[PDB]
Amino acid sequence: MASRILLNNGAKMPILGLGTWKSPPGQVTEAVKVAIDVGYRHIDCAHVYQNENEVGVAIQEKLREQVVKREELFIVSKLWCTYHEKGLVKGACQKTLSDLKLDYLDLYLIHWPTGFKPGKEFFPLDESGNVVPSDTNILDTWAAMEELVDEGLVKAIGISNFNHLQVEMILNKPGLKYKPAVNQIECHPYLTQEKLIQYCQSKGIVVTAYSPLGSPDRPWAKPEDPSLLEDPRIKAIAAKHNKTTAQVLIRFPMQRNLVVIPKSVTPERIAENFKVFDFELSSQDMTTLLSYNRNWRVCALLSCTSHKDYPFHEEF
C-alpha cells in the first residue's frame, strides 16, 4: 500500500509516524535517529511532552548527515491548552520550532478543544482540583492557527481530540479560511471510532490514530485494564499472518485509511513497527478487529470533565 495520504492542503502525509509522548528526553534523540535510519519520515511531537529539544537534536543531526532532506520529513506538533489565547499562539509555535530546530512545521494541531488559563503550569488548578478554563473560544483559536499558515510557520493546521460537533463547529466557522487537515484521535480495537472517523473522512479531514497499541506505558494504567498486546484474539490474527501483535495493531488503522503513530524508544521495536507494508489483513480480519470495540479510552481526564468544551460527553 502507498506510504503517504493526500491532505486537503495539497501535501502528502506519511501514514506511519513515530510517537514521542513519554519518550524520555535522554532516550528520544537516539530513538528518532534510529527511526529515521530505518525509514520513518513522520514524527509526532508536542510542547507538553517536554522533549521537543531532544527530538530536534535528532532531526537536525539526520538533516546535517544528509540521511534525509527536510522536504522528505513530516513533522507534527501541537498547541497546548494554556496557549489558546490569540496573542499566545504564534509564540507557542515559535517555541516549538526553536526547540525542534525547524523553520516550519508540516502540521500543527490544536492539542485539545479545551483552553486553560495561561501561565507556567500546563494544568492550572483551582483550590479544589478543577482545571481553570480560558474564556477564549475555539473558533478564535482556529483563526489564530490560520494566521500561522499565512505567515509561513506551518504548512497545514489541524485539530486533536475534537468530537464531531466540535469538528462541525470549525467547519461552520463564519469566514473560515482553511479547513482542518487532520483530526488526531485515540483509536484502536477497543475504541474503534467508526462514527467520528466516517464523519471526518466524509469531510476530507484525515484521521490520525493515536495510542494504537493501547498505550501500555500510560502513567495511570491499572491491572484490571484490558490489554491489546496481550489479547489472545489479536495474537491469533498476528500468528496467522506471521507478524507480531503490534504489527497487526499498526496495520489495522492503515487499512481504514488512517495515519498511525505508534511510540517506542526501543530500537528493535522501532524497526519492527515499521515493517507493516509487506502484508494485508483480510476484510474478515478487519471486521473481526472492529468487533472488539468497547469504548475504552486511554486518554480521558477527570480534572477536565467540567470544562465546557470537554470532548467526551458527546456520543462522538
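Don't overthink the numbering: it's just position in the shown sequence, from 1.
Mean CA temperature factor from the deposited coordinates, higher in 217 to 225 or in 239 to 247? The deposited B-factors put 217 to 225 ahead on the C-alpha mean.
Mean C-alpha B-factor higher for 198 to 206, or for 70 to 78? Higher mean C-alpha B-factor: 198 to 206.
Candidate set 186, 106, 127, 103 [ranked by C-alpha B-factor, highest]: Among 186, 106, 127, 103, the highest C-alpha B-factor in the entry belongs to 127.
Sort 54, 44, 268, 30 by C-alpha B-factor from the entry and give me just the highest. Checking the PDB record, the top C-alpha B-factor among 54, 44, 268, 30 is at 268.
Sorting by Cα B-factor within the chain, modelled residues only, which third would residue 20 end up in: lowest, middle or highest? As the PDB entry reports it, the C-alpha B-factor of residue 20 lands in the lowest third of its chain.
If you rank every modelled residue in this chain by C-alpha B factor, which third holds residue 64: lowest, middle or highest? According to the entry, residue 64 has a C-alpha B-factor in the chain's highest third.
Which third of the chain holds residue 94 when residues are ordered by C-alpha B factor: lowest, middle or highest? Its C-alpha B-factor belongs to the middle third of this chain's values.
Once the chain's modelled residues are ordered by C-alpha B factor and cut into thirds, is residue 84 in the lowest, middle or highest one? For residue 84, the deposited C-alpha B-factor lands in the lowest third.
Divide the modelled residues of the chain into thirds by Cα B-factor and specify which third, lowest, middle or highest, holds residue 40. For residue 40, whose C-alpha B-factor we compare with every modelled residue in the chain, the answer is the middle third.
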